[PDB]
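S.K.: so I've got this experimental structure, pasted below with the sequence.
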Amino acid sequence: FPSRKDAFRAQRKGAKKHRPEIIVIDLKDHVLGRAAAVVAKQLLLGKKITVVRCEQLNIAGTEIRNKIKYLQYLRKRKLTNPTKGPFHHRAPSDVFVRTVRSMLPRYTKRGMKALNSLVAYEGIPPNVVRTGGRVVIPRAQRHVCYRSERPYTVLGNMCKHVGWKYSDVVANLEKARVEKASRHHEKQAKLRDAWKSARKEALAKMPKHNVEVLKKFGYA
Amino acid sequence: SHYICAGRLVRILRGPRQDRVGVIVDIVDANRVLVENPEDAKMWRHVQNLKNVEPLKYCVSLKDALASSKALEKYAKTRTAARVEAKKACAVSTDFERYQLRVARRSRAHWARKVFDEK
Amino acid sequence: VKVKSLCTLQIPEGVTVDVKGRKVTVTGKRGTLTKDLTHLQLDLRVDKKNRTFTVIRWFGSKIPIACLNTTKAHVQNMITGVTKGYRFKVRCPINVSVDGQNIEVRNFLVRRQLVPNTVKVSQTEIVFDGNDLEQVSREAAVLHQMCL
Amino acid sequence: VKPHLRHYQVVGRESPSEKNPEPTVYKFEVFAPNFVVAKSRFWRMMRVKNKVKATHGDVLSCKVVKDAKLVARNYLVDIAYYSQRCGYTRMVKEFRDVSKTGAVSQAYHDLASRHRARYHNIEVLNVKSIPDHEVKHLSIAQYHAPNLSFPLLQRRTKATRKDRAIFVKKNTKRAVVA
Amino acid sequence: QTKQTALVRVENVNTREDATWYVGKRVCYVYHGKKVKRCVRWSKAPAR
RNA sequence: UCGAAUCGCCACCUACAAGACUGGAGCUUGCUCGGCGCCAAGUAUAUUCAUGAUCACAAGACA
RNA sequence: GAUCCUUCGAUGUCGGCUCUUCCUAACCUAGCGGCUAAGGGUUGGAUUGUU
RNA sequence: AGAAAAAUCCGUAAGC
RNA sequence: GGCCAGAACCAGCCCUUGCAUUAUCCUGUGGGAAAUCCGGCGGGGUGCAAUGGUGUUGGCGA
RNA sequence: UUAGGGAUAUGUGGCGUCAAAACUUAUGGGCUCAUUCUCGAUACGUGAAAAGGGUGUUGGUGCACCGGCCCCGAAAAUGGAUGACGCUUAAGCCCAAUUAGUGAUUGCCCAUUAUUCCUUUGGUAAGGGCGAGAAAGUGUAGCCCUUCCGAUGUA
Ligand SMILES: [Mg+2]
Ligand SMILES: [Mg+2]
Ligand SMILES: [Mg+2]
Ligand SMILES: [Mg+2]
Ligand SMILES: [Mg+2]
Ligand code: NA
């Protein structure tokens, strides 16, 4: 929430609304560790990144193996005062953020700035839905990283079985969002077809040598 | 999907002979094949890995059989060959040609806008 | 590493099999049976005119070969179930009440079990009727384990 | 890739002396990385069999043997390796390559992978190309059938090195970063 | 680290053959301070 | 106060799923039949640019 | 037992009382056909400075 | 400078 | 102001096919249609060499 | 193996992030799935034996044995350690390459080391001289100029 001084400065200056350059990554069907390493290096290089759909990351192996690994992690606590001990976060976005934090140099101001440059969500929230197209990391995708015969696990199911009470909430919100987007995209089909037809028809009216150059370069 | 078989036409993906078309003349093993093409000067008989080929939809069944099949003409006619030639054209281009392409695209966009408004 | 391994089956007239994305749907006189096979990575093919069903494995070790036979057996059981169906019999003082979809047992040597919708249970000595073998066998095994 | 070994022929002799005015001349075939290793293997074999040390010997010639035209053939490689608690072991395997050097390099990689055997413990007895009707194993016999064909699945095809990207648009070929 | 040499990554340059093209070029690093000090054309062009 | 670093934008991207998967058929089961944007509102007939004097934060902006 | 590495301008020594925590090769309690299981329990007195 | 916000009225990313 | 920058030139330094061997080889003319393979006859790709100077153009400095 | 500083190239060790280097290289071959200390994974050095089994192979022949990887055998006291995260179409293990069957030569990263350039200091030192400049000289603000070699260190 902005302060009244910040609002007054903005009003007095009169400049228009500003948004910095932010990359939004759709993390569905990505390998957790490879995605974390790539994102950590980009954060250190100076990018602002927002990751969505953190509950559909992938890990290799069976859910039972990965759940046993998490329980072993959860067993560690400072015996003398557990309120100081390690804090075990159960949500998939917190799991991703902790993996990245362990891949960063966290006890330095530079590493702290890098870690604060990252935002993580489950699903796609309304303040992110309409900001532009999402990206993928092609060198960290499951269909090219795992052999197809081997089993794998989805982060949401494992996190649900170790804690994380909000799986059903996220599922309902995602279903509603996809329904709304599907309705909107079913609309505008006529407009898209009209623009495609206009593009096809303009060739008959533009100059012939321009058409020839387009055909030569393959934009025909 | 297109199968790997004797006489099948393939395109090379990477390497010094990339974006070239040849014919499979012998299956050495699960990973390697022998490729030749009399038409191309650089495509004499050699060994290629199967990670470096893309099968096409033509299979002759050597120079006489290839000429009779006329798969080279069909490949020249399809849209992939057009894309490859356009990529080579874009690669070898000058500032003047880039300017000409820019004005052609701007002309097409303007006329598309006019047609859309008219309709 | 064998290049190609094959297994094929014939389809009786009046029954149809459709495959799409490793999803199998067998339609017969009795009804439709759906099976899931996304955890297999096989090559399923159907030719209606020849009334043949085949499954292929390319460059496979012993395990894929072992999985091919089970796939064929499952498809065969599916077609048999949609063609004629299954009817299991159980017979054992003990008073067992068929009721409707609830099985109650009392005075053994009260145990209650819920019967799934797809299976229709009746008392002649009870009779289990289902369109697929797995559900009927599961119901019989559940009843046996309860009465033990 | 091209094979990492070469086919050499070393011809040698013992230096003539008064007790031995006309010594015997021997011919040796070896697959080696370079001709220094070829000569070393030659003198090891000569000492181990004929009781002739390198310090009283002569090397008459060493040359590299050329290979035949590129044709897919079946090769029989007769090989022997050493490992402790097993003694010397001799095995015969059939490969499928385009040259003798390729078949022997395949054999070396196979022995290293399956038995942890290394170059200085392996010895090659014979290599030859056999006709297609003398193959006794199905895994090699299946490649000379008349109707052999298969599709390419699970292809992890990458991009040209100059076009690789770090972030790309979700359903598009547009690079966002790189 | 040795501070007298710096490493720079340029967009769309992803090969050693590409990075060879840029040898000899000039790089800037713009920033800002807290007070107005002298610049190149201080007297002529006081708009700088 | 305040001058500052940042230098693509869009009611055509900003919906979705699968890679043993990709338009429709046939049986012969492997064969056959993003858009714009880069100096005339648009590819032609036009029109002001200095002396800011040979590099210097772009002396310019928030399309 | 062996040893002699630290400490001789000093690191307070047996038993009991009091109080907390951890282990398992499971005495009881709990499931199986000897196996699993460390979750909760495991007493009060005569003689003796005792263990 | 980054919202698990929004995109005559009210009610419908519709007809409204 | 040799205070700060740019370009140019000298010197030095760093980088950037030949001839040998070509044969277990190449090429025509019983076995497994053809090919892979084995005997008869005829024709022929790897070791060396090829910081220092000497002015010029701007900025700041009245 | 060590005077005060530049540039170039290496040794041991490495090239997913921490952390410089394959923005996760290859147009190389095989093997491996590991459910509560436990799949592996930098020697010296800090994790194990007899016996028994799964997946890929090898002698023998008309079934027996005999090796690669993995599992069982394998039980302790604060919560914890391939360094951490993580990795399985490896970022694991055994071999092999250098931009790949296209045709001569070195993929790249990091030292108080090597080569080279500038400056100091000392010699079992070696030569020359006697418009501002020169002293017949062990040692200075060194009489002046050129040249080569060494330079760490407790008692
Ligand atoms: Mg003692
Ligand atoms: Mg030392
Ligand atoms: Mg790095
Ligand atoms: Mg000294
Ligand atoms: Mg002293
Ligand atoms: Na390490």
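M.R.: Structure's in. What do you need? Numbers count the residues shown, from 1 in each chain, chains lettered A, B, ... in the order given. Ligands and ions are numbered 1, 2, ... in the order given.

S.K.: point to the residue nearest the middle of chain B.
M.R.: The residue lying closest to the centre of chain B (Cα atoms, centre = their mean) is residue B:81, at 4.1 Å.

S.K.: any idea how far residue A:120 is from it?
M.R.: Per Cβ to Cβ, to the nearest Å, residue B:81 is found 46 Å from residue A:120. C-beta coordinates here come from the backbone N, C-alpha and C atoms, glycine included.

S.K.: equivalent analysis for residue D:104, please.
M.R.: Distance, residue D:104 to residue A:120, by Cβ to Cβ: 55 Å.

S.K.: can you pull the contacts of residue 3?
M.R.: Just going to use chain A. Neighbour list for residue A:3: empty [criterion: Cβ atoms under 8 Å, 6 or more residues apart in numbering or on different chains].

S.K.: actually, chain C is the one I wanted.
M.R.: The contact partners of residue C:3, taken as Cβ under 8 Å, 6+ apart, are B:30, C:58, C:59, D:142, D:148, D:150.

S.K.: tell me which helix or strand it sits in.
M.R.: strand C:2-10 (DSSP states H and E).

S.K.: ok, and the closest non-adjacent residue to residue B:68?
M.R.: Of all residues not flanking residue B:68 in the chain, residue B:60 sits nearest, at 7.9 Å (Cβ to Cβ, 6 or more residues apart in numbering or on different chains).

S.K.: which of the contacts of residue C:3 count as buried?
M.R.: Among these, the ones that count as buried by 16 or more other Cβ atoms under 10 Å in any protein chain shown are B:30, C:58.

S.K.: okay if I get the contacts of residue C:3 as a markdown table plus distance to chain E and secondary structure?
M.R.: A markdown table is the format used below for these (distance: Cβ to the nearest Cβ, whole Å; DSSP: H, G, I helix; E, B strand; the rest coil):
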| residue | distance to chain E | secondary structure |
| --- | --- | --- |
| B:30 | 32 | coil |
| C:58 | 36 | strand |
| C:59 | 34 | strand |
| D:142 | 42 | helix |
| D:148 | 40 | coil |
| D:150 | 35 | strand |
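
S.K.: now the contacts of residue C:3 in a markdown table, with distance to RNA strand J?
M.R.: Converted to a markdown table, the contacts of residue C:3 look like this (distance: Cβ to the nearest atom of the strand, whole Å):
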| residue | distance to RNA strand J |
| --- | --- |
| B:30 | 6 |
| C:58 | 13 |
| C:59 | 10 |
| D:142 | 12 |
| D:148 | 17 |
| D:150 | 15 |
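
S.K.: how about the helices of chain B, start to end?
M.R.: Using DSSP state H, the helices found in chain B span residues B:63-69, B:71-77, B:79-91, B:95-118.

S.K.: contacts (any at all) between chain A and the third one?
M.R.: Looking back up the chat, that one is helix B:79-91. Yes: counting by Cβ under 8 Å from any Cβ of the partner chain, contacts between helix B:79-91 and chain A involve B:82, B:83, B:85, B:86, B:87, B:89, B:90.

S.K.: equivalent analysis for the last one, please.
M.R.: Yes: interface with chain A: helix B:95-118 contributes B:100-101, B:103-105, B:107-108, B:111-116 (Cβ under 8 Å from any Cβ).

S.K.: out of the residues you listed, which end up buried?
M.R.: Judged by 16+ other Cβ under 10 Å, buried ones among the residues of helix B:95-118 next to chain A: B:100, B:101, B:104, B:107, B:108, B:111, B:112, B:115, B:116.

S.K.: just name the closest of those to residue D:56, please.
M.R.: The closest of those to residue D:56 turns out to be residue B:101 (Cβ to Cβ; 78.0 Å).

S.K.: quick check, that closest one in contact with residue A:213.
M.R.: Yes: with contact defined as Cβ atoms under 8 Å, residue B:101 counts as touching residue A:213 (6.1 Å).

S.K.: so how far is RNA strand I from the nearest residue to residue A:217 once chain neighbours are set aside?
M.R.: Nearest residue to residue A:217, sequence neighbours excluded (Cβ to Cβ, 6+ apart): residue B:101, at 5.4 Å. For residue B:101, the distance to RNA strand I (Cβ to the nearest atom of the strand, to the nearest Å) stands at 33 Å.

S.K.: what about the most centrally placed residue in chain A, which SS state?
M.R.: Residue closest to the average C-alpha location in chain A (Cα atoms, centre = their mean): residue A:51, at 2.4 Å. With DSSP: H, G, I helix; E, B strand; the rest coil as the basis, residue A:51 sits in strand.

S.K.: contacts only, for it.
M.R.: Residue A:51 makes contact with A:24, A:25, A:27, A:39, A:93, A:96, A:118, A:119, A:120, A:121, according to Cβ under 8 Å, 6+ apart.
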